[PDB]
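Below is one structure, written out as structure tokens; the observations come after it.
There are 2 protein chains.
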Amino acid sequence: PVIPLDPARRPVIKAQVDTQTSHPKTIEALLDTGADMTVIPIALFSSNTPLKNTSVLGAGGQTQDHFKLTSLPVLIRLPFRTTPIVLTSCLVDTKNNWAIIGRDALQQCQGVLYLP
Amino acid sequence: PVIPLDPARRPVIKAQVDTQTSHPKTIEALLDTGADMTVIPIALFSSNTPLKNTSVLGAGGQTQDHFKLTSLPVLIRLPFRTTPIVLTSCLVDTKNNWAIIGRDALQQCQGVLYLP
Ligand SMILES: C[C@@H](NC(=O)[C@H]1N(C(=O)[C@@H](O)[C@H](Cc2ccccc2)NC(=O)[C@@H](NC(=O)[C@@H](N)c2ccccc2)C(C)(C)C)CSC1(C)C)C(C)(C)C
Numbered sequence: 001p002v003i004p005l006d007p008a009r010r011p012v013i014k015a016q017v018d019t020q021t022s023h024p025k026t027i028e029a030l031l032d033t034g035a036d037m038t039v040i041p042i043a044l045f046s047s048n049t050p051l052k053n054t055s056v057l058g059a060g061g062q063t064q065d066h067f068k069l070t071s072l073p074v075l076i077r078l079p080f081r082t083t084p085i086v087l088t089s090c091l092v093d094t095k096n097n098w099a100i101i102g103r104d105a106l107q108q109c110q111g112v113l114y115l116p
Numbered sequence: 001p002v003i004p005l006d007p008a009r010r011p012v013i014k015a016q017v018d019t020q021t022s023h024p025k026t027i028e029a030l031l032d033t034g035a036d037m038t039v040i041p042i043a044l045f046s047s048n049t050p051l052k053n054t055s056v057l058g059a060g061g062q063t064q065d066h067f068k069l070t071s072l073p074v075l076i077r078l079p080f081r082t083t084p085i086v087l088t089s090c091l092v093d094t095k096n097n098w099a100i101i102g103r104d105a106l107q108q109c110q111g112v113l114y115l116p
């Protein structure tokens, strides 16, 4: 669909995420064209699960430990397209539990920004 | 225009930003559906001008001192549309120079995300 843009209202989507380490789960994710890589909560993963360390730059400054990287690809299912996004690797937010669809995912479902 | 989304190419636009505190300047800015509010680098303001302290939460955590809020509206002209975006207030990057066009601005362009 066409998603209008409003400063008062985060553009969100219901995404079903399969981390491949426990059953798939629905999350509300922020559609974010300024994110290089998708971010998913640690709450999706299991207490076991190897995850790599990774340095991440945001508006809040630089961080060594808030975000980790996935060991295995993450499958994402959007409500419309029957065919999953498969991200080879993506970020895992261990501090807050943010959910951010980034351009890695948006490219794979051929998302565009349209400015009239 | 139609701006494709690709994790290796940040989506940018040349924007002419009038702080109303010195000569307008054209800068390169990121198009960012994840940003509530536009960010303009402090370099586009006079050393004289009053700015308001603000706290900002972003991927890197919380920051009291890195961003300031403007005192005068900011006028932004995009290369295609003749009428300026007018933002009552927007964020100022007091450090590392970020130029981020957020949903405040994108709403005024009739900006949208399309996902087929
Ligand atoms: C209140 C701020 N809001 C936000 O920052 C919102 N976000 C956004 O607006 C995002 O599009 C953010 C834009 C950004 C990138 C680099 C420095 C500064 C800002 N992108 C990132 O933080 C992403 N970081 C990156 O993509 C990183 N590789 C990068 C380094 C240098 C220049 C561009 C990108 C990611 C950690 C989410 C993957 C993600 S978190 C958020 C609260 C939803 C503000 C200051 C941008 C309005």
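Chains as they are written, first to last, in the entry's author numbering: chain B, 1 to 116; chain A, 1 to 116.
Note that the Cβ used here is the ideal one computed from N, Cα and C, for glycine as well.
A direct Cα-to-Cα measurement between A:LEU57 and B:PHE80 gives close to 31 Å.
For B:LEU106, the enclosing alpha helix (DSSP H) starts and ends at 103-108. Rounded to the nearest angstrom, the gap between the Cα atoms of A:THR19 and B:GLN16 is 42 Å. Counting every other CB atom within 10 Å of its CB across the protein chains shown gives B:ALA105 a total of 16 or more, marking it as buried. Going by beta carbons, B:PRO11 and B:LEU31 fall inside the 8 Å limit. At a cut-off of 8 Å between beta carbons, B:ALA35 contacts chain A. For B:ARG9, the pairing in a beta bridge is given by DSSP as B:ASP6. Using a Cβ-Cβ cut-off of 7 Å, B:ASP104 is close to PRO7 of chain A, given in chain order. By alpha-carbon distance to B:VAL92, the top candidate from B:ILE85, B:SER71 and B:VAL86 is B:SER71. In summary, A:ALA29 is buried, with 16 or more beta-carbon neighbours lying within 10 Å of its beta-carbon over all protein chains present.
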